[PDB]
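Q: For reference, the file upload-v7.pdb (PDB, C-alpha atoms) is included below:
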```pdb
ATOM      1  CA  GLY K   1      87.181  89.241  76.275  1.00  0.00           C
ATOM      2  CA  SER K   2      86.416  92.813  75.300  1.00  0.00           C
ATOM      3  CA  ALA K   3      88.644  95.812  74.607  1.00  0.00           C
ATOM      4  CA  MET K   4      87.881  97.298  78.018  1.00  0.00           C
ATOM      5  CA  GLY K   5      91.427  98.509  78.555  1.00  0.00           C
ATOM      6  CA  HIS K   6      91.822  99.574  82.172  1.00  0.00           C
ATOM      7  CA  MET K   7      88.106 100.051  82.723  1.00  0.00           C
ATOM      8  CA  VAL K   8      86.204  97.089  84.126  1.00  0.00           C
ATOM      9  CA  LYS K   9      84.655  96.587  87.546  1.00  0.00           C
ATOM     10  CA  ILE K  10      86.556  99.681  88.556  1.00  0.00           C
ATOM     11  CA  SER K  11      84.595 102.625  89.814  1.00  0.00           C
ATOM     12  CA  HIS K  12      86.158 105.467  91.812  1.00  0.00           C
ATOM     13  CA  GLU K  13      85.846 103.297  94.864  1.00  0.00           C
ATOM     14  CA  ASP K  14      87.275 100.195  93.219  1.00  0.00           C
ATOM     15  CA  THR K  15      90.529 101.682  91.948  1.00  0.00           C
ATOM     16  CA  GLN K  16      91.019 103.300  95.337  1.00  0.00           C
ATOM     17  CA  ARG K  17      90.450  99.860  96.810  1.00  0.00           C
ATOM     18  CA  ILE K  18      92.984  98.077  94.626  1.00  0.00           C
ATOM     19  CA  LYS K  19      95.830 100.550  95.170  1.00  0.00           C
ATOM     20  CA  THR K  20      95.168 101.186  98.802  1.00  0.00           C
ATOM     21  CA  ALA K  21      95.030  97.548  99.801  1.00  0.00           C
ATOM     22  CA  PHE K  22      97.822  96.140  97.666  1.00  0.00           C
ATOM     23  CA  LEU K  23     100.421  98.713  98.793  1.00  0.00           C
ATOM     24  CA  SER K  24      99.486  99.126 102.458  1.00  0.00           C
ATOM     25  CA  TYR K  25      98.931  95.420 102.916  1.00  0.00           C
ATOM     26  CA  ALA K  26     102.294  94.070 101.937  1.00  0.00           C
ATOM     27  CA  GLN K  27     104.918  96.682 102.668  1.00  0.00           C
ATOM     28  CA  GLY K  28     103.257 100.022 102.765  1.00  0.00           C
ATOM     29  CA  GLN K  29     105.699 100.918  99.979  1.00  0.00           C
ATOM     30  CA  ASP K  30     105.011 101.330  96.255  1.00  0.00           C
ATOM     31  CA  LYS K  31     105.478  97.587  95.957  1.00  0.00           C
ATOM     32  CA  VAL K  32     104.383  94.302  97.419  1.00  0.00           C
ATOM     33  CA  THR K  33     106.046  91.195  98.778  1.00  0.00           C
ATOM     34  CA  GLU K  34     105.210  87.689  97.563  1.00  0.00           C
ATOM     35  CA  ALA K  35     102.339  87.462 100.091  1.00  0.00           C
ATOM     36  CA  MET K  36      99.829  89.993  98.798  1.00  0.00           C
ATOM     37  CA  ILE K  37     101.021  89.034  95.356  1.00  0.00           C
ATOM     38  CA  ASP K  38     100.075  85.407  95.930  1.00  0.00           C
ATOM     39  CA  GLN K  39      96.570  86.399  97.026  1.00  0.00           C
ATOM     40  CA  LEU K  40      96.024  88.260  93.779  1.00  0.00           C
ATOM     41  CA  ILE K  41      97.616  85.689  91.495  1.00  0.00           C
ATOM     42  CA  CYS K  42      95.877  82.742  93.180  1.00  0.00           C
ATOM     43  CA  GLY K  43      92.662  84.718  92.847  1.00  0.00           C
ATOM     44  CA  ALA K  44      92.189  84.084  89.115  1.00  0.00           C
ATOM     45  CA  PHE K  45      94.603  81.221  88.516  1.00  0.00           C
ATOM     46  CA  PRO K  46      95.244  78.865  91.367  1.00  0.00           C
ATOM     47  CA  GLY K  47      97.259  75.656  91.433  1.00  0.00           C
ATOM     48  CA  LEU K  48     100.411  77.471  90.395  1.00  0.00           C
ATOM     49  CA  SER K  49     103.722  76.083  91.551  1.00  0.00           C
ATOM     50  CA  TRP K  50     106.128  78.808  92.670  1.00  0.00           C
ATOM     51  CA  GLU K  51     108.132  78.397  89.450  1.00  0.00           C
ATOM     52  CA  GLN K  52     104.948  78.940  87.436  1.00  0.00           C
ATOM     53  CA  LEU K  53     103.832  81.811  89.646  1.00  0.00           C
ATOM     54  CA  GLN K  54     107.217  83.551  89.631  1.00  0.00           C
ATOM     55  CA  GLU K  55     107.224  83.577  85.826  1.00  0.00           C
ATOM     56  CA  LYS K  56     103.642  84.873  86.026  1.00  0.00           C
ATOM     57  CA  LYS K  57     104.807  88.179  87.455  1.00  0.00           C
ATOM     58  CA  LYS K  58     108.239  87.919  85.810  1.00  0.00           C
ATOM     59  CA  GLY K  59     109.557  91.007  84.099  1.00  0.00           C
ATOM     60  CA  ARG K  60     108.146  93.689  86.332  1.00  0.00           C
ATOM     61  CA  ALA K  61     107.986  91.896  89.677  1.00  0.00           C
ATOM     62  CA  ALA K  62     111.120  90.059  88.599  1.00  0.00           C
ATOM     63  CA  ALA K  63     111.095  87.680  91.544  1.00  0.00           C
ATOM     64  CA  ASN K  64     109.569  89.594  94.435  1.00  0.00           C
ATOM     65  CA  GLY K  65     108.262  93.122  94.179  1.00  0.00           C
ATOM     66  CA  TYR K  66     104.958  93.761  92.462  1.00  0.00           C
ATOM     67  CA  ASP K  67     104.817  97.428  91.941  1.00  0.00           C
ATOM     68  CA  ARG K  68     101.745  99.511  91.510  1.00  0.00           C
ATOM     69  CA  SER K  69     102.093  99.740  87.731  1.00  0.00           C
ATOM     70  CA  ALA K  70     102.544  95.981  87.348  1.00  0.00           C
ATOM     71  CA  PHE K  71      99.941  95.102  89.923  1.00  0.00           C
ATOM     72  CA  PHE K  72      97.405  97.607  88.591  1.00  0.00           C
ATOM     73  CA  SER K  73      97.951  96.475  85.011  1.00  0.00           C
ATOM     74  CA  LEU K  74      96.962  92.933  85.988  1.00  0.00           C
ATOM     75  CA  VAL K  75      94.008  93.876  88.206  1.00  0.00           C
ATOM     76  CA  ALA K  76      92.577  96.457  85.786  1.00  0.00           C
ATOM     77  CA  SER K  77      92.215  93.609  83.312  1.00  0.00           C
ATOM     78  CA  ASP K  78      90.683  91.184  85.813  1.00  0.00           C
ATOM     79  CA  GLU K  79      87.361  92.056  87.458  1.00  0.00           C
ATOM     80  CA  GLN K  80      87.722  89.216  89.942  1.00  0.00           C
ATOM     81  CA  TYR K  81      90.966  90.902  90.936  1.00  0.00           C
ATOM     82  CA  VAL K  82      89.599  94.392  91.299  1.00  0.00           C
ATOM     83  CA  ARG K  83      86.746  93.169  93.438  1.00  0.00           C
ATOM     84  CA  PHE K  84      89.109  90.699  95.094  1.00  0.00           C
ATOM     85  CA  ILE K  85      90.714  93.615  96.866  1.00  0.00           C
ATOM     86  CA  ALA K  86      87.449  95.587  97.035  1.00  0.00           C
ATOM     87  CA  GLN K  87      86.013  92.647  98.970  1.00  0.00           C
ATOM     88  CA  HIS K  88      89.013  92.461 101.290  1.00  0.00           C
ATOM     89  CA  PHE K  89      89.216  96.219 101.796  1.00  0.00           C
ATOM     90  CA  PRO K  90      86.624  99.032 101.354  1.00  0.00           C
ATOM     91  CA  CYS K  91      87.656 102.091  99.314  1.00  0.00           C
ATOM     92  CA  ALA K  92      89.578 104.785 101.133  1.00  0.00           C
ATOM     93  CA  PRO K  93      87.473 107.838 102.099  1.00  0.00           C
ATOM     94  CA  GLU K  94      89.660 110.103  99.896  1.00  0.00           C
ATOM     95  CA  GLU K  95      88.371 113.207 101.718  1.00  0.00           C
ATOM     96  CA  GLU K  96      90.874 113.712 104.534  1.00  0.00           C
ATOM     97  CA  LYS K  97      93.906 114.187 102.286  1.00  0.00           C
ATOM     98  CA  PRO K  98      94.038 112.410  98.893  1.00  0.00           C
ATOM     99  CA  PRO K  99      97.242 112.491  96.767  1.00  0.00           C
ATOM    100  CA  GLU K 100      95.143 113.084  93.681  1.00  0.00           C
ATOM    101  CA  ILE K 101      92.347 110.540  93.463  1.00  0.00           C
ATOM    102  CA  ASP K 102      94.077 107.482  94.950  1.00  0.00           C
ATOM    103  CA  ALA K 103      92.669 105.487  92.063  1.00  0.00           C
ATOM    104  CA  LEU K 104      93.813 106.344  88.533  1.00  0.00           C
ATOM    105  CA  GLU K 105      96.735 108.650  89.256  1.00  0.00           C
ATOM    106  CA  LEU K 106     100.412 108.817  88.375  1.00  0.00           C
ATOM    107  CA  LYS K 107     101.952 111.042  91.036  1.00  0.00           C
ATOM    108  CA  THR K 108     100.922 109.880  94.482  1.00  0.00           C
ATOM    109  CA  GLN K 109     101.733 112.897  96.621  1.00  0.00           C
ATOM    110  CA  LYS K 110     101.070 111.345 100.014  1.00  0.00           C
ATOM    111  CA  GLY K 111     101.109 112.997 103.425  1.00  0.00           C
ATOM    112  CA  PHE K 112     104.191 111.114 104.563  1.00  0.00           C
TER     113      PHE K 112
END
```
Would you mind giving the structure from this file in structure tokens?

A:
Amino acid sequence: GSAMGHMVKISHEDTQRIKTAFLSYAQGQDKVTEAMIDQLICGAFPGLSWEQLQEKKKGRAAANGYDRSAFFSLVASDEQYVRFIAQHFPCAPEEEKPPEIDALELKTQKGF
């Protein structure tokens, strides 16, 4: 492992991919249900019993509710995770009406 921080297989497109999919997929909110969470977690480490998986995302997801900070923190460290979503969902076009960059932002001012 290298000291890559939050920069890995994340280009403009990739970060946009990870946020856009994760959120919109599960709830559409700033968080995700167990379902999208499972896809991510099983992505790198499979064979987890729910007890083992729940402790995986314990702390910030608590039980159910992976939020964009928690989710992003995990994915930004795992290239299989970043691309995992990138593979499932192409990067948003970001030209119609982007909050900021829809990738590495803090204040998602969305048109809703």

Q: Between K:65, K:7, K:73, K:18, which one has atoms that come closest to residue K:35, using all atoms listed in the file?

A: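 Among the listed residues, the smallest separation from residue K:35 belongs to K:65.
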
Q: Could you jot down the atom CA of residue K:109 to atom CA of residue K:60 separation for me, Å, one decimal place?

A: 22.7 Å

Q: Would you list the contacts of stretch 100-107 of chain K as a VMD selection string, taking every protein, DNA or RNA residue within 12 Å and counting only C-alpha atoms, but skipping same-chain residues closer than 5 positions in sequence?

A: chain K and resid 6 to 7 10 to 21 23 30 68 to 69 72 to 73 76 82 91 to 95

Q: What's the separation between atom CA of residue K:52 and atom CA of residue K:85, in Å to one decimal place?

A: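 Rounded to one decimal, the two atoms are 22.5 Å apart.
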
Q: Which of these, K:71, K:112, K:66, K:84, has the shortest distance to residue K:27 once you count only C-alpha atoms?

A: K:66

Q: Enter the distance from atom CA of residue K:59 to atom CA of residue K:80, in Å, rounded to one decimal.

A: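 Answer for the atom CA of residue K:59 to atom CA of residue K:80 separation: 22.7 Å.
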
Q: Using all atoms listed in the file, pick whichever of K:88, K:110, K:97, K:9 has the shortest atom-to-atom distance to residue K:39.

A: K:88

Q: Which residues match the PyMOL selection byres ((chain K and resi 63) around 12) in the file above, as a PDB file with C-alpha atoms, in the frame of the given file?

A:
```pdb
ATOM      1  CA  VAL K  32     104.383  94.302  97.419  1.00  0.00           C
ATOM      2  CA  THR K  33     106.046  91.195  98.778  1.00  0.00           C
ATOM      3  CA  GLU K  34     105.210  87.689  97.563  1.00  0.00           C
ATOM      4  CA  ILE K  37     101.021  89.034  95.356  1.00  0.00           C
ATOM      5  CA  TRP K  50     106.128  78.808  92.670  1.00  0.00           C
ATOM      6  CA  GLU K  51     108.132  78.397  89.450  1.00  0.00           C
ATOM      7  CA  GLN K  52     104.948  78.940  87.436  1.00  0.00           C
ATOM      8  CA  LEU K  53     103.832  81.811  89.646  1.00  0.00           C
ATOM      9  CA  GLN K  54     107.217  83.551  89.631  1.00  0.00           C
ATOM     10  CA  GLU K  55     107.224  83.577  85.826  1.00  0.00           C
ATOM     11  CA  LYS K  56     103.642  84.873  86.026  1.00  0.00           C
ATOM     12  CA  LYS K  57     104.807  88.179  87.455  1.00  0.00           C
ATOM     13  CA  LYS K  58     108.239  87.919  85.810  1.00  0.00           C
ATOM     14  CA  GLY K  59     109.557  91.007  84.099  1.00  0.00           C
ATOM     15  CA  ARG K  60     108.146  93.689  86.332  1.00  0.00           C
ATOM     16  CA  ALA K  61     107.986  91.896  89.677  1.00  0.00           C
ATOM     17  CA  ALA K  62     111.120  90.059  88.599  1.00  0.00           C
ATOM     18  CA  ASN K  64     109.569  89.594  94.435  1.00  0.00           C
ATOM     19  CA  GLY K  65     108.262  93.122  94.179  1.00  0.00           C
ATOM     20  CA  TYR K  66     104.958  93.761  92.462  1.00  0.00           C
ATOM     21  CA  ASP K  67     104.817  97.428  91.941  1.00  0.00           C
TER      22      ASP K  67
END
```

Q: Using all atoms listed in the file, find the one residue out of K:79, K:22, K:49, K:5 that sits nearest to residue K:36.

A: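 Answer, going by the shortest atom-to-atom distance: K:22.
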
Q: Can you sort out stretch 95-108 of chain K so it carries N, CA, C and O atoms, written as a compact mmCIF listing (two decimals), in the frame of the given file?

A:
```txt
# COMPACT_ATOMS: atom_id res chain seq x y z
N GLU K 95 88.81 111.85 101.41
CA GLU K 95 88.37 113.21 101.72
C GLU K 95 89.31 113.91 102.69
O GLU K 95 89.42 115.14 102.67
N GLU K 96 89.97 113.14 103.54
CA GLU K 96 90.87 113.71 104.53
C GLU K 96 92.06 114.40 103.87
O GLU K 96 92.37 115.55 104.16
N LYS K 97 92.71 113.68 102.95
CA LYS K 97 93.91 114.19 102.29
C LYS K 97 94.34 113.22 101.19
O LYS K 97 95.24 112.40 101.39
N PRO K 98 93.69 113.27 100.02
CA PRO K 98 94.04 112.41 98.89
C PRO K 98 95.21 112.97 98.09
O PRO K 98 95.31 114.18 97.89
N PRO K 99 96.12 112.09 97.63
CA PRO K 99 97.24 112.49 96.77
C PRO K 99 96.75 113.18 95.50
O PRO K 99 97.14 114.30 95.19
N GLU K 100 95.88 112.49 94.77
CA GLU K 100 95.14 113.08 93.68
C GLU K 100 93.73 112.52 93.70
O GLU K 100 92.76 113.23 93.97
N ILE K 101 93.63 111.23 93.44
CA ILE K 101 92.35 110.54 93.46
C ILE K 101 92.48 109.17 94.12
O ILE K 101 91.48 108.53 94.45
N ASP K 102 93.73 108.73 94.27
CA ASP K 102 94.08 107.48 94.95
C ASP K 102 93.47 106.30 94.21
O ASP K 102 93.16 105.27 94.80
N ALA K 103 93.34 106.46 92.91
CA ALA K 103 92.67 105.49 92.06
C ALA K 103 93.37 105.35 90.71
O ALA K 103 94.04 104.35 90.45
N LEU K 104 93.24 106.37 89.87
CA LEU K 104 93.81 106.34 88.53
C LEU K 104 94.79 107.50 88.37
O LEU K 104 94.66 108.32 87.45
N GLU K 105 95.76 107.57 89.26
CA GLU K 105 96.74 108.65 89.26
C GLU K 105 98.13 108.15 88.90
O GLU K 105 98.36 106.95 88.75
N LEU K 106 99.04 109.10 88.77
CA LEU K 106 100.41 108.82 88.38
C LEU K 106 101.39 109.32 89.43
O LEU K 106 102.42 108.69 89.67
N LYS K 107 101.08 110.45 90.04
CA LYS K 107 101.95 111.04 91.04
C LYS K 107 101.27 111.05 92.40
O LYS K 107 100.54 111.98 92.73
N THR K 108 101.52 110.02 93.17
CA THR K 108 100.92 109.88 94.48
C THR K 108 101.65 110.75 95.50
O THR K 108 102.61 110.32 96.14
```
